[PDB]
Structures are given as C-alpha cells and as structure tokens.
Amino acid sequence: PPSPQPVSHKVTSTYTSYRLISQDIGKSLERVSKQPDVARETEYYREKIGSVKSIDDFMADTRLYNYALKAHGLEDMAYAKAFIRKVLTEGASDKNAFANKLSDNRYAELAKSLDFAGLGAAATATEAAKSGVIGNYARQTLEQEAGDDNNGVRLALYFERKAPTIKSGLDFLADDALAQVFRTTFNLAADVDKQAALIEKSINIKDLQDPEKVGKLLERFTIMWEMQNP
Numbered sequence: 229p230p231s232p233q234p235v236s237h238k239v240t241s242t243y244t245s246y247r248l249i250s251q252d253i254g255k256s257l258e259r260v261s262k263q264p265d266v267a268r269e270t271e272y273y274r275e276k277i278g279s280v281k282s283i284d285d286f287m288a289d290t291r292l293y294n295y296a297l298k299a300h301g302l303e304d305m306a307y308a309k310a311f312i313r314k315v316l317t318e319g320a321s322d323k324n325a326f327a328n329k330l331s332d333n334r335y336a337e338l339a340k341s342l343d344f345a346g347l348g349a350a351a352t353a354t355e356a357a358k359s360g361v362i363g364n365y366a367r368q369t370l371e372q373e374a375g376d377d378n379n380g381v382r383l384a385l386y387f388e389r390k391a392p393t394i395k396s397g398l399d400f401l402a403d404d405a406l407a408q409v410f411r412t413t414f415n416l417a418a419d420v421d422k423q424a425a426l427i428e429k430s431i432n433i434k435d436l437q438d439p440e441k442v443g444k445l446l447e448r449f450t451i452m453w454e455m456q457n458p
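Heads up, the sequence shown is in my numbering, so the first residue is 229 and it goes up one at a time.
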C-alpha cells in the first residue's frame, strides 16, 4: 500500500526517427531551446530562480513552479500544490523522506533538483537547480514534441535519457515510461509485485550504465514497438 499520488489530470520506421534525433541531439536540443515558448520561459527561470530562498518563495511563484514540474514531467500533477510542497519539505536525502516512500520516483527527482530541505537557502544556488532543470525542461519539450508524432520514439529518447538512473528492477517499474519500454521489448499486462526480479534476471541491471549496450537494447525496443504499434 504505497502512499497514493495525484494521477495525471491537466517496418523499422520508429528506430529510424529515434536514431535521427538521438544522433544530432545537440542540434535538436539547440533548435528547441530556440522555440519562442521555451525561450521566454527558460529566460524567466534563469533570472529568477537564484532569488528563491525558500519552499514558500518557490511555491509563491507559479511560473517557476510550473517550470520545475514540466521539466520533471510532473506537469499534470502541478495542481497538487499541497503534494508538491510536502515532497519538497521532507527532501529526498533521508531514506525516510516522504518522497522516498512514494512509488513514482519522479517526485524524489524534483526534490533532488530543489533541495530546500537539505540545502536551505543554498538550494537555489546549484547546477541541479538552475542548469539542471533548465536542461530537462528542454529534453522534456523535445521528447513530448516527438511523442505527439511517434510515442514509441518519445519512450526511446526518454529511456536513453533516464537510462543510468536505473540500478534496480525496482528503479525500473518506478516509472510508467521506463517500465513501458520493457513490457514492450519483451512483449507483455504484468501487474505483480516481484516483476522486478523477473527483470533483473531477464537483464543485467548493471549494464544499462553503458551508453552503448543501452542503444542496442532500444534497438530491439524501437522495432519491437514499430510492430506492436504501427
């Protein structure tokens, strides 16, 4: 019974597309960063974030708040203001922190990027808080921009991105998009608790740290998908 959480409210062709982006990632992310919307918002965030010294200061700014979440993909749970605050309030360093007892590990993510809980007024003065977030909002936009077209692709890039972060079968099922890129690559509906075990023996969780083996893995995925989904 893992503490509940605000659920979303507000032919080879796939491998092809993926590869296209993944390759010249620099030009993609760079082109995106130029999009009028990403630009304007990215600007405001780069100039205001360093001024936030407290969770209050943070919550009190909708613009920055919406930015931080969209970048952590929790853009549809933004309405859970009371939830986002608690997650931040307890931080994500302590094993017992509220966010660490959740199942969707993307809350801990946010709390790691904005550690007012562990850093205090210093939290806003790190790479993870400014450069870090600014960069994910970019990847985020770029990904959902592709997903609008080929969801399989979106999953592709998202996995290539959140690849290393995984170190346990648990870390895997810990993200709908990540588990999805597995339940498909091994064609599967599985809702049991020890699926993780099945994964750790059905694959070496220690190898997914290799920016090489990772690709070949997706290789099977991007094509496994182009079939299960035309």
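From the three backbone atoms N, C-alpha and C, an ideal C-beta is built for every residue, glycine too.
Annotated as proximal: residue 299 and residue 365, with beta-carbon spacing under 8 angstroms. For residue 233, the three-state secondary structure derived from DSSP is coil. In the structure shown, residue 355 adopts coil according to DSSP, grouped into three states.
Residue 331 has its alpha-carbon roughly 8 angstroms from the corresponding atom of residue 231. Listed in chain order, the non-local C-beta contacts of residue 412 below 7 angstroms within the same chain comprise 449, 452, 453 and 456, local neighbours out to five positions each way being set aside. The beta carbon of residue 433 lies closer than 7 angstroms to those of 394, 395, 396 and 397 in the same chain, with the five residues before and after it left out. With three or more CB-CB distances shorter than 8 angstroms, the stretch 332 to 350 counts as touching the stretch 317 to 324. Here the C-alpha atom of residue 334 lies approximately 13 angstroms from the C-alpha atom of residue 311. Judged by DSSP in its simplified three-state form, residue 325 adopts coil rather than helix or strand. Residue 368 carries a helical assignment under DSSP once its states are collapsed to helix, strand and coil. Look at the beta carbons and you see the stretch 435 to 447 touching the stretch 376 to 389: at least three pairs across the two are nearer than 8 angstroms.
Taking all protein chains shown into account, residue 348 has fewer than 16 neighbouring C-beta atoms within 10 Å of its C-beta and is therefore exposed.
With fewer than 16 other CB atoms across the displayed protein chains lying within 10 angstroms of its CB, residue 254 is exposed. Your pair residue 392 and residue 305 does not check out as a contact, with CB atoms roughly 24 angstroms apart and the cut at 8 angstroms. By the CB criterion at 8 angstroms, residue 249 and residue 374 fall inside the cutoff. If the five residues before and after residue 369 are omitted, its C-beta is found closer than 6 angstroms to the C-beta atoms of 260 and 266, all from its own chain and listed in chain order.
Residue 262 carries a coil assignment under DSSP once its states are collapsed to helix, strand and coil. Secondary structure at residue 319: coil, using DSSP grouped into helix, strand and coil.
The residue from 414, 289 and 277 with its alpha-carbon nearest to that of residue 362 is 277. Counted as a single uninterrupted DSSP element, the stretch harbouring residue 414 is not any alpha helix (DSSP H), since DSSP gives it neither H nor E.
Spanning the alpha carbons of residue 325 and residue 403 requires a straight line of approximately 19 angstroms. Residue 307 counts as exposed, since fewer than 16 other beta carbons sit within 10 angstroms of its beta carbon.
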